[PDB]
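Please note: Cβ atoms are built from the backbone with ideal geometry, for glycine as well, and neighbour counts cover all protein chains shown. Just so you know, all these numbers are worked out from the coordinates, no wet-lab data involved.
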Amino acid sequence: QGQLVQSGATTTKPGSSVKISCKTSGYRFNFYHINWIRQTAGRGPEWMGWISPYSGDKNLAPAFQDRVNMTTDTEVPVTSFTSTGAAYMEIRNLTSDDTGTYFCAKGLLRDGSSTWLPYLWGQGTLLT
Amino acid sequence: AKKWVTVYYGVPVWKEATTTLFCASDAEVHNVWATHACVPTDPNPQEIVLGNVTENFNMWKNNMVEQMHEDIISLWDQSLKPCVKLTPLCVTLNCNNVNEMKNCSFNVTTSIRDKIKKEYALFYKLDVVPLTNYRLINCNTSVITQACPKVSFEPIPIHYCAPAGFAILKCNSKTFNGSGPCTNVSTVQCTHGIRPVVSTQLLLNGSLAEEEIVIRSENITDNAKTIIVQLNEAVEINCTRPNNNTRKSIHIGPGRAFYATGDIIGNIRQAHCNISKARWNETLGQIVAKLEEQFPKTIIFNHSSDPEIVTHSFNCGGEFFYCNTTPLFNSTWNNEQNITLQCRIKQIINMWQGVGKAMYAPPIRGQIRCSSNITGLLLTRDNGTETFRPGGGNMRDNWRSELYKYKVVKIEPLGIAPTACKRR
Amino acid sequence: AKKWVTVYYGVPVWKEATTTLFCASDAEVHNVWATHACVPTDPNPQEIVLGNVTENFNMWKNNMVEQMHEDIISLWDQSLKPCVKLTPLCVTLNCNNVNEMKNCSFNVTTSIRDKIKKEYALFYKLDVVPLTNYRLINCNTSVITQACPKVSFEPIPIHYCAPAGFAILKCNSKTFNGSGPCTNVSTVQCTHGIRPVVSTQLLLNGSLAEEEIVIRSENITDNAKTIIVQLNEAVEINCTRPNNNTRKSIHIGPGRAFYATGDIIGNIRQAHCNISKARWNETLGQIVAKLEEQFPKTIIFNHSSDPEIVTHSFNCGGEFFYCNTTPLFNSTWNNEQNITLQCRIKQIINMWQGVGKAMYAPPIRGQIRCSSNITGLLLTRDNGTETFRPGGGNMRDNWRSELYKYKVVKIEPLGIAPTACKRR
Amino acid sequence: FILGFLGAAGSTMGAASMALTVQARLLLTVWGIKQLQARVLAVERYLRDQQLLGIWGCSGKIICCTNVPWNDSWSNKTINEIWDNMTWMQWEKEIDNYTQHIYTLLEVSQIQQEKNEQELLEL
Amino acid sequence: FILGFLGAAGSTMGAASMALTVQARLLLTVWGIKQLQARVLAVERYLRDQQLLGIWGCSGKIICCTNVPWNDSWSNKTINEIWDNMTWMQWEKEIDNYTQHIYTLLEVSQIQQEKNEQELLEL
Amino acid sequence: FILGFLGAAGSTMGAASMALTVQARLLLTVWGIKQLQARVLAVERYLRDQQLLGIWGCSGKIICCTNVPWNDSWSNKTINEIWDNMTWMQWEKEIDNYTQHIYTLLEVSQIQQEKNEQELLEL
Ligand SMILES: *[C@@H]1O[C@H](CO)[C@@H](O[C@@H]2O[C@H](CO)[C@@H](O[C@@H]3O[C@H](CO[C@H]4O[C@H](CO)[C@@H](O)[C@H](O[C@H]5O[C@H](CO)[C@@H](O)[C@H](O)[C@@H]5O)[C@@H]4O)[C@@H](O)[C@H](O[C@H]4O[C@H](CO)[C@@H](O)[C@H](O)[C@@H]4O)[C@@H]3O)[C@H](O)[C@H]2NC(C)=O)[C@H](O)[C@H]1NC(C)=O
Ligand SMILES: O=C(C(=O)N1CCN(C(=O)c2ccccc2)CC1)c1c[nH]c2c(F)ccc(Br)c12
Ligand SMILES: O=C(C(=O)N1CCN(C(=O)c2ccccc2)CC1)c1c[nH]c2c(F)ccc(Br)c12
Ligand SMILES: *[C@@H]1O[C@H](CO)[C@@H](O[C@@H]2O[C@H](CO)[C@@H](O)[C@H](O)[C@H]2NC(C)=O)[C@H](O)[C@H]1NC(C)=O
Ligand SMILES: *[C@@H]1O[C@H](CO)[C@@H](O[C@@H]2O[C@H](CO)[C@@H](O)[C@H](O)[C@H]2NC(C)=O)[C@H](O)[C@H]1NC(C)=O
Ligand SMILES: *[C@@H]1O[C@H](CO)[C@@H](O[C@@H]2O[C@H](CO)[C@@H](O)[C@H](O)[C@H]2NC(C)=O)[C@H](O)[C@H]1NC(C)=O
Ligand SMILES: *[C@@H]1O[C@H](CO)[C@@H](O[C@@H]2O[C@H](CO)[C@@H](O)[C@H](O)[C@H]2NC(C)=O)[C@H](O)[C@H]1NC(C)=O
Ligand SMILES: *[C@@H]1O[C@H](CO)[C@@H](O)[C@H](O)[C@H]1NC(C)=O
Ligand SMILES: *[C@@H]1O[C@H](CO)[C@@H](O)[C@H](O)[C@H]1NC(C)=O
Ligand SMILES: *[C@@H]1O[C@H](CO)[C@@H](O)[C@H](O)[C@H]1NC(C)=O
Ligand SMILES: *[C@@H]1O[C@H](CO)[C@@H](O)[C@H](O)[C@H]1NC(C)=O
Ligand SMILES: *[C@@H]1O[C@H](CO)[C@@H](O)[C@H](O)[C@H]1NC(C)=O
Ligand SMILES: *[C@@H]1O[C@H](CO)[C@@H](O)[C@H](O)[C@H]1NC(C)=O
Ligand SMILES: *[C@@H]1O[C@H](CO)[C@@H](O)[C@H](O)[C@H]1NC(C)=O
Ligand SMILES: *[C@@H]1O[C@H](CO)[C@@H](O)[C@H](O)[C@H]1NC(C)=O
Ligand SMILES: *[C@@H]1O[C@H](CO)[C@@H](O)[C@H](O)[C@H]1NC(C)=O
Ligand SMILES: *[C@@H]1O[C@H](CO)[C@@H](O)[C@H](O)[C@H]1NC(C)=O
Ligand SMILES: *[C@@H]1O[C@H](CO)[C@@H](O)[C@H](O)[C@H]1NC(C)=O
Ligand SMILES: *[C@@H]1O[C@H](CO)[C@@H](O)[C@H](O)[C@H]1NC(C)=O
Ligand SMILES: *[C@@H]1O[C@H](CO)[C@@H](O)[C@H](O)[C@H]1NC(C)=O
Ligand SMILES: *[C@@H]1O[C@H](CO)[C@@H](O)[C@H](O)[C@H]1NC(C)=O
Ligand SMILES: *[C@@H]1O[C@H](CO)[C@@H](O)[C@H](O)[C@H]1NC(C)=O
Ligand SMILES: *[C@@H]1O[C@H](CO)[C@@H](O)[C@H](O)[C@H]1NC(C)=O
Ligand SMILES: *[C@@H]1O[C@H](CO)[C@@H](O)[C@H](O)[C@H]1NC(C)=O
Ligand SMILES: *[C@@H]1O[C@H](CO)[C@@H](O)[C@H](O)[C@H]1NC(C)=O
Ligand SMILES: *[C@@H]1O[C@H](CO)[C@@H](O)[C@H](O)[C@H]1NC(C)=O
Ligand SMILES: *[C@@H]1O[C@H](CO)[C@@H](O)[C@H](O)[C@H]1NC(C)=O
Ligand SMILES: *[C@@H]1O[C@H](CO)[C@@H](O)[C@H](O)[C@H]1NC(C)=O
Ligand SMILES: *[C@@H]1O[C@H](CO)[C@@H](O)[C@H](O)[C@H]1NC(C)=O
Ligand SMILES: *[C@@H]1O[C@H](CO)[C@@H](O)[C@H](O)[C@H]1NC(C)=O
Ligand SMILES: *[C@@H]1O[C@H](CO)[C@@H](O)[C@H](O)[C@H]1NC(C)=O
Ligand SMILES: *[C@@H]1O[C@H](CO)[C@@H](O)[C@H](O)[C@H]1NC(C)=O
Ligand SMILES: *[C@@H]1O[C@H](CO)[C@@H](O)[C@H](O)[C@H]1NC(C)=O
Ligand SMILES: *[C@@H]1O[C@H](CO)[C@@H](O)[C@H](O)[C@H]1NC(C)=O
Ligand SMILES: *[C@@H]1O[C@H](CO)[C@@H](O)[C@H](O)[C@H]1NC(C)=O
């Protein structure tokens, strides 16, 4: 029930690495995972991985393991049930195949079997 | 599926409430703050961490300070009920000097009501006023009761507990400023060991901080609000009255024995204190650090704007000092050596309510020398520079420097919620 | 078979505990030991016999005596709060004699503060001391409050009850010495009718024993331990003050009326007592019997080693006698006639705590004569012979002679145990 | 054991509903008077709770199902988005208005349950 | 009636287990204050007992069977050499060490009983 | 609702037996002391009632049927001429003598019920 604003549209060239931000507000940032998805011109949607703003835990798809640098800040409490945090997304061996729109997605719940399901999406950032 | 309400009993939900706490102590002596009429202190203090929890504190609305503040003032009236009342001492005194405390004499009725004696004794100048003939400072103000020469003024760890069904909430965050939301909350049955150190300008024997030194206030941009500083490393203070005074028993009634100061054996010296110029310099510098994190500009320390508020007043050995602290806060900060203050001494310490009664601290025999850790500080800000003078005579600001970590919430274990469940 | 735990509620199991009892009385008058602020005494006293049960008593660790002892001392301070304080009587007295009590006179302020009268009154020699001019014995010691001339000193049956969920345990064994295990145990909600007879050397109006006379002590081989004897047949004691004294009302303040002794109408006589030479001889012989069951040798009775401990002191009609009991214990036992003691009288009876206050028993009009049953005795043993002098001024030894039968245990009705039983 | 006394205050209601007897145990002269006052107050608030559990047929229960159907006017939220998301403190701030209405609904269901049970054992 | 209030204190546990409601009845200013103090203390110790019986599912029971199997570490003694020999006071001096351990075992069995009962009435 | 708190005091026992939880709710320094005194007394009289309901197997009941057959020595009156005629206050003035006798009859039936229930779950 909050916003997940990201960075702008930063376009670099192959081999380099780009940092993508994802600042939260209006929801307890520690209670829900942060997922990273993208839609490249060549495939459809592809799940990259999520991270736990509380457990500090990381789980990404084997397709993006040895390329993704994924981190988070630590939420700054606004109220008892509100906070403001930020997740970070980097990539290693960058190419033109990875060109596409990227977003972060806050998890669905805090327990059960659909805890991390990317529910609340950001705005989108266009890569190279 | 369908949904029916199903009641749950014992759910972690609390409201902010105000209930009357109770104290607990540890323990062949007495105490004014009845730190013996409290119930035992629990050997195993069960501290439960409230993971994921974030509570909203405010050390300035906290009622525990408004309640303890009244318990101290109550614990003192209670301790002075059985003690002897010094109204016959409100007689015209014939006082000399010494070289400062006077050397007075006065006709007083004895154990027999129609026999008169003339006793002599010493009275600090603050405890007397000219009418040369003299009298006691309060005789035109309020009744005075000599504190029972067996109850001690010793700051003892007082553990404040909330009743069964209530809770006290801690804040373990090592940088928590005054109010706001704390993210490292824990619940406790009782507070830690609190020492009711009734101090002034310099907080004594208090709880230090971890990590860096913190400073607390309400609206720091409002100058009419005290600033309660907390140090992270105590700076040693050492006080003493070197005069080797004596105690004379004066029978002025059946069982009513007034204890006066006989005379001074040996050298006549000065009541004073000591702190390290180096440790108070680096500690003053630490206080200068975070006087910029909430300001810009230059920092100036300056002297205070009855003498209880104008000087570092406290209790040492059982006698109330009044150390002129001007040698402490007279430095301007841009961007061996012992500091010693001149402490006077008083025996009549009036109360702070509104024209009622006073007390007489009986004399202490021999010399007096105590050692304390000044761990806090009460400042007061007032062109192009900001000067902070040490203010603070209010008693509840002191407890406020220790009850900032705690908060009183009531438990409401009834919880209803819908589940796919119905009874037969 | 299998075994699962099954909980039982209401099981006969108790622990030794100490809880605050409460009193109960039976009942157009007053009482010092608030034997009227107690709750009704139950008409039907439910005494339940604990068959097969054997409990371990000890009348010398028993806390009921340490609690009642403080209730009496508390009940007395409570009764002397509203009463008039006799501090203006601490004046220089001009005393004569009679033939013993003085005949004194003294200037005292009146209902008007600046008008002086000179009153006269009689004061027993014990209530005065020379400074010839005289004063009251306490004026250099403690404040004195005249007992309200309407509260009575009457030993009333006080019934000590344990709270709901607690129990008091009796011991019906007709020979039970001080401590040890009792085989005839019973449980009671409240003790029997206890009379707070504050006595000395000779226990008055107490509970006799059945069968033979018993003697109790802790380490009887330790001479620094009192010996509490219990008789099986009371020996009559008869005391009297034959002087027909009068009571004069002295207005020394607005509503503060001090009652003094006017003079003596008729014969001037002697305060004394009486016991039967024959009954105290056979009863002394009975005490000689069991002074051999714990000894061998010869038994010698001898006089006592402020006068409250040196003489049989008690209360008769409302005035405190001090009967020189040397005509009671001056006989050596190998293997008509009234014994009369010389009782003095006191009006100022100080307290037994440590330099606080005193009391003034107002004079009783007319003659005084009471009759009591001396049922106990407090001895004290000190070559080839053992001599037992009557010692005992301690107040808790008296209650100890009545609370030996009782013991405070708490009930813990929760009981778990395995049975072939499981729930579905 | 589990987390402790209130240790699941900021935990999901699903995990918090387990081990509720940790907060069911620890629920029960200037110093003397202010100490005895808290003692009497404690027994009062506790008894008020057991009093409610009694006139609800839950006397002796920690988790107690009833008959009153969950009105969606109180909250149109799924079982999933409550017991696996909201914490117990969040939840009853949402039911705060309707809490004194459900309390009345639980008493009629207990009075109209033993009234029927009375007719049952008449046969 | 039977023997009375605690009349079976030195009696066998078998005979003492009968008529336990005789000790279930009688379980519930210097004089005034010390009289009111005992009054508040009584209600406390009693409620502490009913409190335990509640969080054990025995709220309202005098004899209450449970689920916890009797661990022989507590006592390897037969039912016969207990209920027909030892008195209730002898017995719990023997279980004195393990009494605070069984108390915990009874609460988990009541919490893990209504937790399962909750799943039962979901169907 | 119904009539209110005691609103059926002069009503027939049949109508008064309905909605008994209205009188089950509202049943639980010179000023301070006399205010705290009434506070402790209230908890006592209430607990004495729950105490009785407990040692009767009715702990948690408003209407509670038992085993004790109604002795006609107490009252040879029909169910009709009681529950549709006499008011609850009239009735117990008639049972006033036999009330302390029935109280004893209810405790033996609860003690002799769990004693049998103990034998039941031994199998
Ligand atoms: C405070 O609040 C936070 C946030 O609300 C709570 O943290 C969240 O807890 C929930 C439930 O406990 C978590 O959901 C579960 O997620 C696990 C996934 O873990 C598994 O997979 C991980 C990646 O593959 C892996 O790291 C795990 O391995 C262990 O090691 C890590 C090391 O970091 C450790 O952190 C883990 O806890 C593991 O122990 C593990 O292999 C998932 O498996 C769960 O599903 C199971 O359980 C549910 C019931 O809970 C059941 O329904 C399912 O069918 C399945 O059996 C469940 O989805 C969530 O991931 C946590 N983090 C969030 C939301 O960011 C925290 O518990 C709160 N604490 C308190 C004290 O209140
Ligand atoms: O509790 C108090 C109280 O006012 N105080 C403040 C003074 N105090 C100090 O330690 C101290 C600190 C700095 C300078 C001098 C003394 C202890 C507690 C009283 C409550 N009723 C009182 C009364 F009827 C007469 C006199 C007093 Br003093 C009190
Ligand atoms: O309760 C007492 C107490 O000490 N006593 C002992 C004296 N006593 C007698 O019967 C007695 C027996 C032998 C000789 C003389 C008197 C009754 C109770 C007091 C408690 N506070 C007191 C106080 F502040 C002043 C004076 C007294 Br007196 C008490
Ligand atoms: C304080 O004054 C008193 C007098 O009121 C001094 O007492 C006298 O001291 C002298 C010697 O200095 C003696 O000769 C007298 O006998 C003393 N008189 C009494 C009544 O004691 C006292 O010494 C003075 N003390 C101080 C410290 O000044
Ligand atoms: C601060 O704490 C110290 C240590 O407890 C206090 O020093 C004690 O003072 C009392 C009486 O003055 C002595 O009986 C103790 O022996 C002292 N303790 C030590 C370790 O020396 C000091 O008085 C306290 N300061 C204040 C202002 O209360
Ligand atoms: C005690 O002394 C008083 C005097 O202080 C006596 O009172 C006087 O008695 C004489 C006769 O003996 C009268 O003539 C006076 O008028 C009395 N004076 C007053 C003021 O009353 C009193 O008689 C003496 N009593 C005893 C018993 O010795
Ligand atoms: C022992 O008990 C007797 C009998 O109760 C007491 O004698 C009573 O004394 C009071 C006042 O002295 C009188 O009002 C009663 O009328 C007396 N009763 C009888 C039957 O004569 C006696 O005072 C008691 N002894 C002690 C020391 O308390
Ligand atoms: C008492 O006298 C002093 C003189 O030192 C004066 O300052 C004070 O105002 C007076 N107080 C009253 C109440 O008269
Ligand atoms: C909470 O604070 C305590 C002490 O200040 C510290 O030991 C602990 O690591 C902190 N925990 C968290 C989660 O911040
Ligand atoms: C003073 O110095 C240190 C704390 O820095 C400690 O050893 C000592 O106990 C302190 N005294 C107190 C806190 O009273
Ligand atoms: C303490 O921090 C909070 C934000 O965490 C802030 O709102 C508050 O003003 C701070 N207090 C002070 C005295 O600066
Ligand atoms: C603080 O005080 C200033 C004036 O001194 C005022 O303008 C401001 O609004 C106050 N801020 C708060 C948060 O009270
Ligand atoms: C203080 O004076 C007394 C004499 O009253 C003397 O015995 C003692 O030694 C003196 N002590 C000091 C430290 O001067
Ligand atoms: C104060 O006294 C203590 C002990 O006498 C000593 O360790 C410390 O260095 C002293 N500090 C100062 C500033 O006098
Ligand atoms: C301290 O205050 C006095 C009083 O006005 C002033 O004259 C002086 O300059 C001040 N000192 C500093 C360092 O600000
Ligand atoms: C404090 O001392 C300074 C000098 O160190 C002096 O000028 C000042 O007047 C003193 N303050 C008081 C209140 O006496
Ligand atoms: C402030 O007072 C201290 C007293 O120790 C003194 O050393 C220092 O010189 C003063 N500051 C001045 C005079 O500027
Ligand atoms: C400072 O005070 C301490 C306290 O005893 C003393 O030992 C030290 O010598 C003093 N130092 C100076 C420079 O006066
Ligand atoms: C009071 O004077 C008497 C003289 O009879 C004496 O025995 C006693 O010790 C004195 N007591 C005190 C406290 O001076
Ligand atoms: C117990 O003692 C009472 C009175 O002392 C007596 O009547 C009874 O017979 C005794 N019973 C036993 C079994 O000793
Ligand atoms: C004194 O004598 C007998 C007891 O032997 C009895 O008639 C009378 O009541 C006794 N008085 C008491 C016990 O006060
Ligand atoms: C009482 O009898 C027991 C044995 O039954 C014995 O151990 C105890 O010492 C006796 N008490 C006295 C005072 O002799
Ligand atoms: C009794 O006292 C004697 C010495 O008087 C001592 O030797 C003996 O051990 C004591 N016995 C007991 C049981 O205390
Ligand atoms: C006592 O004296 C009064 C006179 O005050 C007299 O009336 C009464 O008869 C006398 N009584 C006796 C027994 O002498
Ligand atoms: C004591 O007096 C009573 C009644 O006057 C009498 O029966 C008894 O024989 C007397 N005994 C003695 C020893 O004087
Ligand atoms: C009583 O004690 C005195 C004091 O020593 C002594 O002279 C006398 O012989 C003793 N009498 C007996 C009978 O022992
Ligand atoms: C008690 O009387 C005897 C003579 O009967 C006497 O020698 C003794 O001195 C008296 N005791 C006191 C304390 O007066
Ligand atoms: C002991 O005193 C009594 C007093 O009645 C007396 O009869 C007896 O002769 C005395 N014993 C002696 C002198 O041995
Ligand atoms: C003993 O005292 C009683 C008490 O009145 C009396 O009747 C009797 O005559 C006295 N006997 C002797 C021999 O003095
Ligand atoms: C829900 O509650 C409202 C009042 O809040 C009521 O009017 C409505 O009938 C209820 N609906 C159901 C289905 O219970
Ligand atoms: C409760 O009522 C208030 C009325 O001001 C309303 O603002 C609030 O939203 C209501 N709460 C819920 C959960 O409906
Ligand atoms: C019995 O209890 C012990 C601990 O006291 C435990 O280790 C063991 O597993 C238990 N055995 C059974 C069968 O419950
Ligand atoms: C309980 O523990 C203590 C430990 O000192 C031991 O001595 C005792 O035998 C134990 N009790 C049982 C019944 O095992
Ligand atoms: C009825 O009660 C009486 C005693 O009141 C009893 O004797 C009789 O047996 C009882 N009858 C029935 C049928 O219960
Ligand atoms: C109860 O007993 C009294 C005895 O006086 C009798 O008058 C009354 O009628 C009885 N009540 C009933 C209802 O039988």
*Once the Cα atoms of chain C are picked out, what are the Rg and Dmax in Å?*
25.7, 98
*Using every alpha carbon pair in the protein assembly as shown, what percent of pairs falls into each 20 Å bin from 0 up to the bin containing the largest distance?*
8, 25, 31, 25, 9, 2, 0
*Rounded to the nearest 500 deg cm²/dmol, what is the calculated helix-only ellipticity per residue at 222 nm for the protein assembly as shown, with -39500 (n - 2.57) per DSSP H run of length n ≥ 4?*
-6000 deg cm²/dmol
_What number does the stretch C:208-305 give for Rg over Rh if you use C-alpha atoms and the Kirkwood radius?_
1.22
*Could you give P(r) for chain A, binned at 5 Å from zero, as whole percent values over all Cα-Cα pairs?*
2, 11, 22, 25, 19, 11, 6, 2, 0
*Where the centre of each part is set by its Cα atoms, how far does the stretch C:33-71 sit from the stretch C:84-162, in angstrom?*
38 Å
_Nm distances between copies for residue D:122, ranked from closest, using label points 7 Å along Cα→Cβ_ = 3.9, 3.9
*asked:* Over 22 Å between Cα atoms: which of B:407/E:34; C:410/E:34; B:3/D:77; B:277/B:405 fall into that group?
replied: B:407/E:34; B:277/B:405
*asked:* Less than 18 Å apart at the alpha-carbon level, and either on another chain or at least 8 residues along: which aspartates and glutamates does that give for residue F:61?
replied: D:49, D:107, D:114, D:117, D:119, D:122, F:49, F:107, F:114
*Using θ = phi - 60° and the Karplus form 6.51 cos²θ - 1.76 cosθ + 1.60, what ³J(HN,Hα) does each residue of the stretch A:54-61 get, whole Hz, x for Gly and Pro?*
10, 5, x, 8, 10, 8, 10, 5
*Taking the label point as lying 7 angstrom from Cα along the Cα-to-Cβ axis, what are the distances from residue C:1 to the corresponding position in the remaining copies, in ascending order and in nanometres?*
4.1
*asked:* Please compute one quarter of the surface area of the Cα convex hull for the stretch B:161-273 and express it in square nanometres.
replied: 13.9 nm²
*Based on the mean of other beta carbon atoms within 10 Å per residue, what is the order of D:57-65, A:116-124, most packed first?*
D:57-65, A:116-124
*Unpartnered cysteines - no second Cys beta carbon under 4.7 Å - across the protein assembly as shown*: F:65
*How many partner chain Cβ atoms sit within 10 Å of a residue's Cβ in peptide B:12-18, on average, as a whole number?*
5
_Total charge dipole magnitude, chain A, about the Cα centre, Cβ charges on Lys, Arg, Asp, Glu only, Debye to nearest 20_ = 140 debye
